[PDB]
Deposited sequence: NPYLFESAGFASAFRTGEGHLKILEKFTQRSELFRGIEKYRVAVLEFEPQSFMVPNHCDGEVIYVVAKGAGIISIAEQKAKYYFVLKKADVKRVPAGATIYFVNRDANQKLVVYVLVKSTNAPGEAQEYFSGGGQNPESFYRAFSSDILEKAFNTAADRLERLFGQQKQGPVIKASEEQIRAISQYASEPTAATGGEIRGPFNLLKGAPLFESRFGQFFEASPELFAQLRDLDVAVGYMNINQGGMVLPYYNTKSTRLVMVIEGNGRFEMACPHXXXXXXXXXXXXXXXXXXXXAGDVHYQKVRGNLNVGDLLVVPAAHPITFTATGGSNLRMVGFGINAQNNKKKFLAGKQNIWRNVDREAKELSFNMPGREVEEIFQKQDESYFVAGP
């Protein structure tokens, strides 16, 4: 099964006592089937209580989704400073090359963010550039010659050796309660909101889901409605399947989805046709917290919640503009927009009987699972 990337298969670019980054392999290293998603990476960042990330920029465009906890993100640009508060299920776009850091200000709970990265240059390559730090993480200022740094900073070499030579604790480090309180104060300060500014986070569970029943909900932030997604042609979806529920089988017309488990457990089945006559392989598996599943566009799929909790999933939708979900069963489904004769011809069954079978399910979207 090339579609399922267990959390264990993720690579760990850094790990400290205060945090870690896990990132998926370039999808094209797994399979040539993934040439369509070559520009994209998925990562998980975790911060321990009272932690701070050394300032750095990512060369890729980034979307962060808060999976667990609470915190702050700050952004330092040439001509602007931002602070935003991050809560569970908030989503935040960070422009490529923006210098950022995070703070987990909570004393007890980890802050866990799931990350989509879209490359701009070579497909799928993603790198952090530590402006902060010194020895570990290595600051990029150490790449420049001393004669250059001295002129640039108008300072003697010995002050610069001290400046870039004392950080050794790695990319995520402890911050004191007091340091945190002071950053919290700077973050709560009112600013002048301009046009052209980086936009703050939006809650994915805000307002009305795109569809629901008693057994689940699908929320989505589409690129049509969110300018900070529009230029990447990305949608962010949130699937909340009630304990013991399922989503009815469906396909996305246009948009391949990179699906990460937030909470709970489940399983899935997908149909995949990837000259003799077309055959659809059964792609099947289980899902745990932190797993990634690639759901290619046009592929029929169902997710089943298993265990004693809801199955909660976030999906990064690519090529998302005008995407729709075609449901394959339930009251509201594609066959409602097919007339009798075509049902009859299609299944070689008298048409009224096809209608009867297709209308037995009075519920839509989500139902009691097997």
Regions left out of the model, expressed as runs of the deposited sequence counted from 1
275 to 294
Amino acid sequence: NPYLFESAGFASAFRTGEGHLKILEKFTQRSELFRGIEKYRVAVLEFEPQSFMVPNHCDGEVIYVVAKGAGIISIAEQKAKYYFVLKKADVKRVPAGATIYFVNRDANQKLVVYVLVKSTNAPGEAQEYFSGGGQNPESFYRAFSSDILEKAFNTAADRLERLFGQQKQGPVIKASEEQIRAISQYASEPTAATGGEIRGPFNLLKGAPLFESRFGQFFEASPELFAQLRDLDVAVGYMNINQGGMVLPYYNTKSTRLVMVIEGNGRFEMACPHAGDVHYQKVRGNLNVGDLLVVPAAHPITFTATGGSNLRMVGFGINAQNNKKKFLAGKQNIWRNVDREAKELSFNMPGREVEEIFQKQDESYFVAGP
From here on, numbers count along this sequence of modelled residues.
Pick between 192 to 200 and 239 to 247: the one whose mean CA B-factor in the entry is higher.
192 to 200
The stretch whose C-alpha atoms carry the larger average B-factor in the entry, 182 to 190 or 286 to 294, is 182 to 190
Quick one: which of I301, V44, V54, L33 shows the highest Cα temperature factor in the PDB entry?
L33
Per the PDB entry, maximal CA B factor within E77, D158, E220, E269
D158
Test of reading the entry: by CA B factor among the chain's modelled residues, which third contains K343?
lowest
For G317, does the deposited CA B-factor place it in the lowest, middle or highest third of the chain?
lowest
Considering only modelled residues of the same chain, in which third does the CA B-factor of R336 rank: lowest, middle or highest?
middle
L225 by Cα B-factor - lowest, middle or highest third of the modelled chain
middle
Where does the C-alpha B-factor of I37 rank in its chain, lowest, middle or highest third?
highest
